[PDB]
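Here is the file data01.pdb (PDB, C-alpha atoms and all ligand atoms).
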MODEL        1
ATOM      1  CA  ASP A   2     -35.336 -12.222  46.978  1.00  0.00           C
ATOM      2  CA  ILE A   3     -34.322  -8.671  47.895  1.00  0.00           C
ATOM      3  CA  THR A   4     -37.144  -6.470  49.141  1.00  0.00           C
ATOM      4  CA  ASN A   5     -37.635  -2.825  48.232  1.00  0.00           C
ATOM      5  CA  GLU A   6     -37.101  -2.061  51.926  1.00  0.00           C
ATOM      6  CA  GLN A   7     -33.738  -3.863  51.931  1.00  0.00           C
ATOM      7  CA  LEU A   8     -32.644  -1.894  48.862  1.00  0.00           C
ATOM      8  CA  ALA A   9     -33.651   1.346  50.629  1.00  0.00           C
ATOM      9  CA  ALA A  10     -31.757   0.322  53.786  1.00  0.00           C
ATOM     10  CA  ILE A  11     -28.599   0.225  51.670  1.00  0.00           C
ATOM     11  CA  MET A  12     -29.391   3.294  49.564  1.00  0.00           C
ATOM     12  CA  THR A  13     -30.765   5.440  52.358  1.00  0.00           C
ATOM     13  CA  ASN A  14     -30.713   8.535  50.125  1.00  0.00           C
ATOM     14  CA  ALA A  15     -32.470   6.947  47.152  1.00  0.00           C
ATOM     15  CA  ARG A  16     -35.788   8.506  46.256  1.00  0.00           C
ATOM     16  CA  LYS A  17     -38.791   6.278  46.863  1.00  0.00           C
ATOM     17  CA  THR A  18     -39.649   6.542  43.164  1.00  0.00           C
ATOM     18  CA  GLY A  19     -36.122   5.393  42.335  1.00  0.00           C
ATOM     19  CA  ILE A  20     -36.500   2.338  44.565  1.00  0.00           C
ATOM     20  CA  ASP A  21     -39.896   1.645  42.954  1.00  0.00           C
ATOM     21  CA  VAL A  22     -38.481   1.855  39.432  1.00  0.00           C
ATOM     22  CA  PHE A  23     -35.182   0.021  39.885  1.00  0.00           C
ATOM     23  CA  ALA A  24     -35.939  -2.684  42.478  1.00  0.00           C
ATOM     24  CA  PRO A  25     -37.909  -4.921  40.043  1.00  0.00           C
ATOM     25  CA  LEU A  26     -35.257  -4.474  37.346  1.00  0.00           C
ATOM     26  CA  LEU A  27     -32.429  -5.249  39.765  1.00  0.00           C
ATOM     27  CA  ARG A  28     -34.193  -8.406  40.952  1.00  0.00           C
ATOM     28  CA  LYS A  29     -34.679  -9.506  37.331  1.00  0.00           C
ATOM     29  CA  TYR A  30     -31.230  -8.830  35.934  1.00  0.00           C
ATOM     30  CA  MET A  31     -29.231  -9.853  39.008  1.00  0.00           C
ATOM     31  CA  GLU A  32     -30.848 -13.284  38.662  1.00  0.00           C
ATOM     32  CA  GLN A  33     -30.107 -13.413  34.921  1.00  0.00           C
ATOM     33  CA  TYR A  34     -26.409 -12.591  35.402  1.00  0.00           C
ATOM     34  CA  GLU A  35     -25.898 -14.954  38.384  1.00  0.00           C
ATOM     35  CA  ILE A  36     -25.628 -12.135  40.958  1.00  0.00           C
ATOM     36  CA  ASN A  37     -27.443 -14.567  43.166  1.00  0.00           C
ATOM     37  CA  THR A  38     -25.837 -15.107  46.596  1.00  0.00           C
ATOM     38  CA  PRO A  39     -25.743 -12.761  49.606  1.00  0.00           C
ATOM     39  CA  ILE A  40     -22.082 -11.836  49.053  1.00  0.00           C
ATOM     40  CA  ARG A  41     -22.510 -11.251  45.308  1.00  0.00           C
ATOM     41  CA  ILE A  42     -25.685  -9.196  45.781  1.00  0.00           C
ATOM     42  CA  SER A  43     -24.243  -7.177  48.684  1.00  0.00           C
ATOM     43  CA  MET A  44     -21.099  -6.236  46.782  1.00  0.00           C
ATOM     44  CA  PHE A  45     -23.008  -5.512  43.564  1.00  0.00           C
ATOM     45  CA  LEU A  46     -25.640  -3.302  45.190  1.00  0.00           C
ATOM     46  CA  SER A  47     -23.008  -1.392  47.152  1.00  0.00           C
ATOM     47  CA  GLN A  48     -21.106  -0.570  43.964  1.00  0.00           C
ATOM     48  CA  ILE A  49     -24.340   0.411  42.151  1.00  0.00           C
ATOM     49  CA  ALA A  50     -25.262   2.691  45.056  1.00  0.00           C
ATOM     50  CA  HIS A  51     -22.017   4.615  44.667  1.00  0.00           C
ATOM     51  CA  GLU A  52     -21.805   4.526  40.869  1.00  0.00           C
ATOM     52  CA  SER A  53     -25.368   5.803  40.298  1.00  0.00           C
ATOM     53  CA  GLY A  54     -25.701   8.249  43.196  1.00  0.00           C
ATOM     54  CA  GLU A  55     -28.241   5.900  44.825  1.00  0.00           C
ATOM     55  CA  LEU A  56     -30.290   5.593  41.593  1.00  0.00           C
ATOM     56  CA  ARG A  57     -30.211   9.351  40.919  1.00  0.00           C
ATOM     57  CA  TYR A  58     -28.171   9.066  37.715  1.00  0.00           C
ATOM     58  CA  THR A  59     -28.166   6.911  34.613  1.00  0.00           C
ATOM     59  CA  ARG A  60     -26.309   9.576  32.599  1.00  0.00           C
ATOM     60  CA  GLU A  61     -23.160  11.639  33.107  1.00  0.00           C
ATOM     61  CA  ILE A  62     -23.721  15.334  33.834  1.00  0.00           C
ATOM     62  CA  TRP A  63     -22.145  17.217  30.924  1.00  0.00           C
ATOM     63  CA  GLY A  64     -20.143  20.400  31.424  1.00  0.00           C
ATOM     64  CA  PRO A  65     -18.148  20.023  29.334  1.00  0.00           C
ATOM     65  CA  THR A  66     -15.360  19.919  31.865  1.00  0.00           C
ATOM     66  CA  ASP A  67     -11.820  19.928  30.519  1.00  0.00           C
ATOM     67  CA  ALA A  68     -11.940  16.163  31.006  1.00  0.00           C
ATOM     68  CA  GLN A  69     -15.156  15.687  29.017  1.00  0.00           C
ATOM     69  CA  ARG A  70     -13.862  17.863  26.170  1.00  0.00           C
ATOM     70  CA  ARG A  71     -11.043  15.378  25.748  1.00  0.00           C
ATOM     71  CA  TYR A  72     -13.449  12.437  25.238  1.00  0.00           C
ATOM     72  CA  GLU A  73     -13.564  13.672  21.640  1.00  0.00           C
ATOM     73  CA  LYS A  74     -11.183  11.897  19.235  1.00  0.00           C
ATOM     74  CA  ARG A  75     -10.039   9.246  21.741  1.00  0.00           C
ATOM     75  CA  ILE A  76      -9.164   6.050  19.901  1.00  0.00           C
ATOM     76  CA  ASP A  77      -9.164   4.063  23.163  1.00  0.00           C
ATOM     77  CA  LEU A  78     -12.858   4.985  23.526  1.00  0.00           C
ATOM     78  CA  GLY A  79     -13.454   4.254  19.839  1.00  0.00           C
ATOM     79  CA  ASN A  80     -14.566   7.893  19.403  1.00  0.00           C
ATOM     80  CA  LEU A  81     -13.414   8.107  15.800  1.00  0.00           C
ATOM     81  CA  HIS A  82     -16.071  10.525  14.505  1.00  0.00           C
ATOM     82  CA  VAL A  83     -16.807  14.189  15.161  1.00  0.00           C
ATOM     83  CA  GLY A  84     -19.332  14.514  17.985  1.00  0.00           C
ATOM     84  CA  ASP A  85     -18.673  11.052  19.459  1.00  0.00           C
ATOM     85  CA  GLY A  86     -17.289  12.491  22.698  1.00  0.00           C
ATOM     86  CA  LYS A  87     -20.597  13.979  23.841  1.00  0.00           C
ATOM     87  CA  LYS A  88     -22.753  11.490  21.937  1.00  0.00           C
ATOM     88  CA  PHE A  89     -21.265   8.606  23.961  1.00  0.00           C
ATOM     89  CA  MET A  90     -20.947  10.292  27.332  1.00  0.00           C
ATOM     90  CA  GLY A  91     -21.321   8.043  30.364  1.00  0.00           C
ATOM     91  CA  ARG A  92     -24.612   6.116  30.556  1.00  0.00           C
ATOM     92  CA  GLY A  93     -25.828   3.263  32.752  1.00  0.00           C
ATOM     93  CA  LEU A  94     -25.977   2.604  36.464  1.00  0.00           C
ATOM     94  CA  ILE A  95     -22.268   1.858  36.001  1.00  0.00           C
ATOM     95  CA  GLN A  96     -21.559   4.540  33.426  1.00  0.00           C
ATOM     96  CA  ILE A  97     -20.209   3.247  30.109  1.00  0.00           C
ATOM     97  CA  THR A  98     -18.394   5.765  27.892  1.00  0.00           C
ATOM     98  CA  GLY A  99     -17.325   5.872  24.253  1.00  0.00           C
ATOM     99  CA  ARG A 100     -18.499   4.549  20.874  1.00  0.00           C
ATOM    100  CA  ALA A 101     -16.584   1.247  21.029  1.00  0.00           C
ATOM    101  CA  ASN A 102     -17.954   0.432  24.484  1.00  0.00           C
ATOM    102  CA  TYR A 103     -21.528   1.325  23.495  1.00  0.00           C
ATOM    103  CA  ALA A 104     -21.142  -0.991  20.507  1.00  0.00           C
ATOM    104  CA  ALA A 105     -19.905  -3.873  22.671  1.00  0.00           C
ATOM    105  CA  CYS A 106     -22.635  -3.415  25.256  1.00  0.00           C
ATOM    106  CA  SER A 107     -25.270  -3.023  22.525  1.00  0.00           C
ATOM    107  CA  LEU A 108     -24.250  -6.296  20.888  1.00  0.00           C
ATOM    108  CA  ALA A 109     -24.470  -8.177  24.196  1.00  0.00           C
ATOM    109  CA  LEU A 110     -27.818  -6.707  25.279  1.00  0.00           C
ATOM    110  CA  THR A 111     -29.696  -6.350  21.964  1.00  0.00           C
ATOM    111  CA  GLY A 112     -28.049  -8.645  19.408  1.00  0.00           C
ATOM    112  CA  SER A 113     -26.624  -5.804  17.278  1.00  0.00           C
ATOM    113  CA  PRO A 114     -23.849  -3.266  17.953  1.00  0.00           C
ATOM    114  CA  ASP A 115     -25.922  -0.627  16.135  1.00  0.00           C
ATOM    115  CA  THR A 116     -28.825  -0.392  18.606  1.00  0.00           C
ATOM    116  CA  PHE A 117     -27.048   1.859  21.117  1.00  0.00           C
ATOM    117  CA  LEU A 118     -24.979   3.601  18.430  1.00  0.00           C
ATOM    118  CA  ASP A 119     -28.142   4.728  16.634  1.00  0.00           C
ATOM    119  CA  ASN A 120     -29.945   5.572  19.911  1.00  0.00           C
ATOM    120  CA  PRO A 121     -27.384   6.130  22.690  1.00  0.00           C
ATOM    121  CA  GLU A 122     -30.103   7.336  25.072  1.00  0.00           C
ATOM    122  CA  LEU A 123     -31.338   3.729  25.300  1.00  0.00           C
ATOM    123  CA  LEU A 124     -28.448   3.105  27.685  1.00  0.00           C
ATOM    124  CA  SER A 125     -29.932   5.682  30.103  1.00  0.00           C
ATOM    125  CA  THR A 126     -33.327   3.965  30.296  1.00  0.00           C
ATOM    126  CA  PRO A 127     -33.953   2.013  33.524  1.00  0.00           C
ATOM    127  CA  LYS A 128     -34.062  -1.292  31.628  1.00  0.00           C
ATOM    128  CA  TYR A 129     -30.716  -1.007  29.867  1.00  0.00           C
ATOM    129  CA  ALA A 130     -29.020   1.074  32.565  1.00  0.00           C
ATOM    130  CA  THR A 131     -29.706  -1.831  34.933  1.00  0.00           C
ATOM    131  CA  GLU A 132     -29.036  -4.743  32.572  1.00  0.00           C
ATOM    132  CA  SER A 133     -25.760  -3.171  31.376  1.00  0.00           C
ATOM    133  CA  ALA A 134     -24.502  -2.918  34.964  1.00  0.00           C
ATOM    134  CA  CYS A 135     -25.330  -6.581  35.597  1.00  0.00           C
ATOM    135  CA  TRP A 136     -23.716  -7.597  32.301  1.00  0.00           C
ATOM    136  CA  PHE A 137     -20.578  -5.563  33.051  1.00  0.00           C
ATOM    137  CA  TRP A 138     -20.318  -7.218  36.473  1.00  0.00           C
ATOM    138  CA  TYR A 139     -20.725 -10.704  35.009  1.00  0.00           C
ATOM    139  CA  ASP A 140     -18.442 -10.102  32.019  1.00  0.00           C
ATOM    140  CA  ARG A 141     -15.595  -8.599  34.080  1.00  0.00           C
ATOM    141  CA  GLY A 142     -15.496 -11.587  36.439  1.00  0.00           C
ATOM    142  CA  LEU A 143     -16.850  -9.693  39.413  1.00  0.00           C
ATOM    143  CA  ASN A 144     -18.990 -12.601  40.649  1.00  0.00           C
ATOM    144  CA  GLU A 145     -15.781 -14.595  41.103  1.00  0.00           C
ATOM    145  CA  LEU A 146     -14.138 -11.651  42.882  1.00  0.00           C
ATOM    146  CA  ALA A 147     -17.162 -11.349  45.180  1.00  0.00           C
ATOM    147  CA  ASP A 148     -16.884 -15.052  46.059  1.00  0.00           C
ATOM    148  CA  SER A 149     -13.345 -14.262  47.263  1.00  0.00           C
ATOM    149  CA  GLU A 150     -14.683 -11.082  48.965  1.00  0.00           C
ATOM    150  CA  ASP A 151     -12.201  -8.957  46.986  1.00  0.00           C
ATOM    151  CA  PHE A 152     -13.965  -5.617  47.239  1.00  0.00           C
ATOM    152  CA  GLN A 153     -10.880  -3.593  46.278  1.00  0.00           C
ATOM    153  CA  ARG A 154     -10.282  -5.501  43.031  1.00  0.00           C
ATOM    154  CA  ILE A 155     -13.993  -5.124  42.231  1.00  0.00           C
ATOM    155  CA  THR A 156     -13.652  -1.377  42.796  1.00  0.00           C
ATOM    156  CA  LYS A 157     -10.575  -1.204  40.555  1.00  0.00           C
ATOM    157  CA  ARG A 158     -12.313  -3.058  37.714  1.00  0.00           C
ATOM    158  CA  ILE A 159     -15.339  -0.736  37.898  1.00  0.00           C
ATOM    159  CA  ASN A 160     -13.628   2.620  38.574  1.00  0.00           C
ATOM    160  CA  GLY A 161     -10.100   2.076  37.262  1.00  0.00           C
ATOM    161  CA  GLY A 162      -8.786   3.018  40.693  1.00  0.00           C
ATOM    162  CA  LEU A 163     -10.044   3.256  44.263  1.00  0.00           C
ATOM    163  CA  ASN A 164     -11.969   6.533  43.991  1.00  0.00           C
ATOM    164  CA  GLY A 165     -14.883   6.512  46.393  1.00  0.00           C
ATOM    165  CA  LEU A 166     -13.688   3.412  48.263  1.00  0.00           C
ATOM    166  CA  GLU A 167     -14.916   4.680  51.644  1.00  0.00           C
ATOM    167  CA  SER A 168     -18.376   5.426  50.232  1.00  0.00           C
ATOM    168  CA  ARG A 169     -18.499   2.003  48.573  1.00  0.00           C
ATOM    169  CA  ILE A 170     -17.507   0.282  51.829  1.00  0.00           C
ATOM    170  CA  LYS A 171     -20.176   2.203  53.762  1.00  0.00           C
ATOM    171  CA  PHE A 172     -22.861   0.868  51.406  1.00  0.00           C
ATOM    172  CA  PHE A 173     -21.381  -2.633  51.678  1.00  0.00           C
ATOM    173  CA  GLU A 174     -21.522  -2.571  55.478  1.00  0.00           C
ATOM    174  CA  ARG A 175     -25.222  -1.658  55.280  1.00  0.00           C
ATOM    175  CA  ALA A 176     -25.787  -4.373  52.678  1.00  0.00           C
ATOM    176  CA  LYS A 177     -24.200  -7.063  54.860  1.00  0.00           C
ATOM    177  CA  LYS A 178     -26.307  -5.984  57.834  1.00  0.00           C
ATOM    178  CA  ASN A 179     -29.570  -5.991  55.876  1.00  0.00           C
ATOM    179  CA  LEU A 180     -29.066  -8.907  53.446  1.00  0.00           C
ATOM    180  CA  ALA A 181     -27.115 -11.499  55.452  1.00  0.00           C
TER     181      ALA A 181
HETATM  182 MG    MG A 201     -30.428  11.554  53.912  1.00  0.00          MG
HETATM  183 MG    MG A 202     -17.528   7.274  35.243  1.00  0.00          MG
ENDMDL
END
How would this structure read if it were set down as structure tokens?
Ligand SMILES: [Mg+2]
Ligand SMILES: [Mg+2]
Amino acid sequence: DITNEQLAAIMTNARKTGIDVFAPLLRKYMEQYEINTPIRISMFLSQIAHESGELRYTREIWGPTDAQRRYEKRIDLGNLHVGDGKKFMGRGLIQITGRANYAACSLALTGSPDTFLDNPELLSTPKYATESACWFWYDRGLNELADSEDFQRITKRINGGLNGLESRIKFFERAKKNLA
């Protein structure tokens, strides 16, 4: 029920081609993952706007920075094999990182953990970059947090902290004004 114009009113710096590509996919997968009321949609789209640079990115930009170098050989990421650190760099509208997390997402979205392990670039395609963000939101209980209007807990579950909170709130204020 969200128009392309409403999406652009939130993501005022999105390219028109980005709106064109992602608006149909957002409408489809928000419905499938029950992101389906004004408060759920407003909080979801505001987080997506920040996390993806207003649809500019579905993949991490690789340095490697000192931080990205230390993705290699991280058992908490499941990066057990040489090359896993870069192979499973962040991908998605909400960027997912590491072999074990690609495997989990792959199983949920394709029926097999191997799909995104064999072709990690699938997670950067518009289809799976969008569906994975909706699935993450659903699976981490963020619809229930949105119902309670707990934007800070939503931010912590997505980011691990409150990095970018002011940016996320700015998008949310635009979303409320254009969607409610
Ligand atoms: Mg501008
Ligand atoms: Mg990240």
**OP:** Show me as a PyMOL selection string the residues that reach within 7 Å of (-29.1, 2.7, 44.5), counting all atoms listed in the file and using the file's own coordinates.
**Re:** chain A and resi 12+15+46+49-50+53-56
**OP:** Would you kindly translate the PyMOL selection byres (((chain A and resi 137-150) around 12) and not hetatm) into the concrete residues it picks from this file, as a ChimeraX atom specification?
**Re:** /A:30-49,93-97,102-103,105-107,109-110,129-136,151-159,173,177
**OP:** Determine the residue membership of the PyMOL selection byres (((chain A and resi 175) around 10) and not hetatm) for the file above and supply it as a PyMOL selection string.
**Re:** chain A and resi 7-8+10-13+43+47+170-174+176-180
Original post:
Closest to ligand MG 202 (chain A) among A:60, A:16, A:100, A:82, using only C-alpha atoms and all ligand atoms?
Top reply: A:60
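Between atom CA of residue 58 of chain A and atom CA of residue 5 of chain A the separation is 18.5 Å.
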Subject >> Interatomic distance, atom CA of residue 108 of chain A to atom CA of residue 70 of chain A (Å, one decimal) >> reply: 26.8 Å
Original post:
Of the candidates A:90, A:24, A:78, A:163, which one gets nearest to ligand MG 202 (chain A) if we count only C-alpha atoms and all ligand atoms?
Top reply: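 Closest to ligand MG 202 (chain A) of all the choices is A:90.
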Original post:
Could you work out how far atom CA of residue 25 of chain A lies from atom CA of residue 126 of chain A, giving the answer in Å with one decimal?
Top reply: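 Going from atom CA of residue 126 of chain A over to atom CA of residue 25 of chain A, I get 14.0 Å.
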